[PDB]
Structures are given as C-alpha cells and as structure tokens.
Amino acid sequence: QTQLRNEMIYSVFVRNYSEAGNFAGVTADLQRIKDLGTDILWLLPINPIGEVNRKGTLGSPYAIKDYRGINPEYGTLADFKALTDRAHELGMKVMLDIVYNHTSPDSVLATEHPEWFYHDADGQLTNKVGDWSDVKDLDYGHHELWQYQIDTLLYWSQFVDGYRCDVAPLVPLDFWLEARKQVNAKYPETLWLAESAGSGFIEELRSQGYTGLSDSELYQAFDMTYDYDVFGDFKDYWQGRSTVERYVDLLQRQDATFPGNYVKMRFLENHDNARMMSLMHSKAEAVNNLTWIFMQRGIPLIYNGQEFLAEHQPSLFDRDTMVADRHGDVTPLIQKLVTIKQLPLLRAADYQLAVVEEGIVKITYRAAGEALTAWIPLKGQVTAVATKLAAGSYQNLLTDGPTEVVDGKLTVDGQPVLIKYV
C-alpha cells in the first residue's frame, strides 16, 4: 500500500481531452501521459448517460444509464480495449470511475430492478442531494443489488486495474468490503480510490439518517482517499483566511487520524474544482504548490491540462474542449518531481511537517540512516533557513543545482530546496 506513495495519478475527462473527445483522442496521446510520469490513468465515467432529467446538452458522465455499456460519445468497446491495451503496453494501470450511489432515472437498473431504488411517498424514485436532479439513489438495503454491482466490476476488471468510487461515503461500508473481497479474489492487484467527503457533507448526511462514512471507515475497503478533509483548509490558507500554522496543525492531526499505511491523494484541482491556475497565476507559484502535493505523504493527482497551466474548469454537462486552454508548460517540473517521488524515502514511516522561517513549510522523511528535507516556500518567501547540516555544498534535488550551507543556514530563494542526506 505504501508503494502508492512513490506514484502519481493522471485524471482524464475523455469528452474534453481532445477535439474529437473519444477514446482514440486519448489513446493517440498515451505516450505523453506515460512520459509525464503517470502510474495510474484514471478515466472519468465512460458509460452511456441518462436522457431523462439530463443536465445540459451531453449530460454529466456521473448520470449513468448503463453501468455495463460504453458511452457512444467515446466510441465502442473495441476503442476502449485499444486504450487499455496501449496503456498496459506502456506500463500504466487504468482506473475507471465507479458511480454507485445512484443511476439516471432511465437506467437499465431503474427499468429492470426499480425495487433496488429508494422510493418516496408517491412511489417516485428520489435523490437525497437537492442539486442531483439527473440521478436517483440506489438502496443497498437490498442485498441482491450488491451482486449485480460486483459482477459489473468483475467484468470491467478484465480490462482495467482499479476503481475510483464516486461519493463512496454514501454507499454502505459492508457493500464496499464485499465488493473488494470478490474483486481482489479474482484480480488481487486491484486498486481502490474512494472519493471521500468533507466533514460538512458527512454531518449533513448523517443528521438526516443517511449513510455518510468517515475516511477511516473507507480505508477498511480502500487503498486511497481524497484530501477532502483538509483541501478546504489548504484553500483558506492559500487565500489568506487561515495561517500556515493552523493549516500545518491540521495536517499533523490528519497524519495520526488514519492507519500507518494510509495513502491520501493530494491535489490542487480536479474535475469538480477550479483549476490550480485560477488559484494562482504564475509558474513560480505552480512550482511551489506542485512540489507541495508531491512531497506530502501520499499520492499526487494531476488533472488533464494542469500540466499546461489550464485556467478553465471544464463543464461536466456541455462540451467544453480543453485543447486551447494551455498557457504554459510545467511538464519538465512534473517529470522531475516524479523522479524524486520515486525515492524509497517517500515511503518512510517517519514523516514530519514543521513551520519554519517566514512561514516556510519544512517536510522531512527519515529512514535507515538517510533523510530527505524539503523547504517549500508556498508564498515565495526569500530568507535563510536554519539547518543542522554541516557547511558545504549540497544538491537541491529540484534543480540539480548546488545549495550552500553556511553557519547552520541555507538560502531559500522563493522556490523549494530539496536535500537528501545521511
């Protein structure tokens, strides 16, 4: 499980990735995705989308009409298979998005097994979340639903290597445990990422009697969860409504909240969120903040287009092709972070965070008589920082440039300093 801490996920929204917006558009470009340093290629949902109560023109990929079908938007089963075959040829794993809280109202399950759904007073299908007018909730109270859900997985597991589970906290833990048991029995290497919730949403769900799993509950069934417990706290810090001391204190608390082997997916943006390059506006800022998501304990997410400094959050509902939304290129930076992220020290049990000079964040991993320290000036701070290193020249792993330690002090010039030492 801690091997994932040497890895990186790249997330692709097929509809919008290329002009054509099909699998082929992705398949044609898998070498670039591989070369970026991608270990796991996670695709947004690839199944046919509901027509009834559709939101916008194409609808959200999260409103699924058939869990076992291919969205004709993307092409055919053979086209999907060409993508996965190519990804595997290049050594990547493919992860699919699993949307198991709900289906579109016109879905196969809703027409053939309407009894597996929640029904309100009129006997109408229903959605616990107001905004989600395009989908209706499944009732995992009906244990026969389970086997269909899981059989869908064993089917896709012929092609893919793992699953990202959409709003996983809304679906009962006992279902996830069985799902994983059956799937990893046939496919033992299978990876499981949960889209965990913030405390706000968990509380709202629980207070209305709905299922709302904690992140630690999810870890009983999942290898990874999302940083949604603290992402809000990052934004507040970033936007000047929280201090670095409060943010780092929350991550210190976070680190002892989960089992020692836990893996959080650390991110600056994703499909559901504003772009990194809407939070910040310069390549200097991107270097600091990408270094931060790579150097924290866990596994970083790169959302398609983030490597080209995209500014626009693609719509989920209408065509919103992201090809012209490129404003630079931090590929070399990401590749270089990937080479550092591969180091065994990144799996080390001894991980410490501290707030140092001018509110710089200092990360340290220690294991087996070696250490890696990253000084990350999230805010572009320029200052000397204290170190117990002997005087002399060290290699900043980020730049491969020399870094002078003089009288127990080293210069951080508004960009990260990464030093591996004995």
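In case it trips you up, residue 1 is the first one in the sequence shown, and so on.
Stretch comparison (217-225 versus 143-151) by mean CA B-factor in the PDB entry places 143-151 on top.
Of the two stretches examined, 385-393 and 32-40, the record assigns the greater average C-alpha temperature factor to 385-393. Per the PDB record, 85 has a higher Cα B-factor than any other of 311, 85, 285, 249. Of the candidates 295, 94, 230, 185, the PDB record gives 185 the highest C-alpha temperature factor. Remark: residue 125 belongs to the highest third of its chain, ranked by C-alpha B-factor as recorded.
Among all modelled residues in its chain, residue 162 ranks in the lowest third by Cα B-factor. In the PDB entry, a CA B factor belonging to the middle third of its chain's modelled residues is recorded for residue 25. When all modelled residues of the chain are sorted by CA temperature factor, residue 67 is found within the highest third. For residue 253, the recorded CA B-factor ranks within the lowest third of the chain. Only modelled residues enter the ranking.
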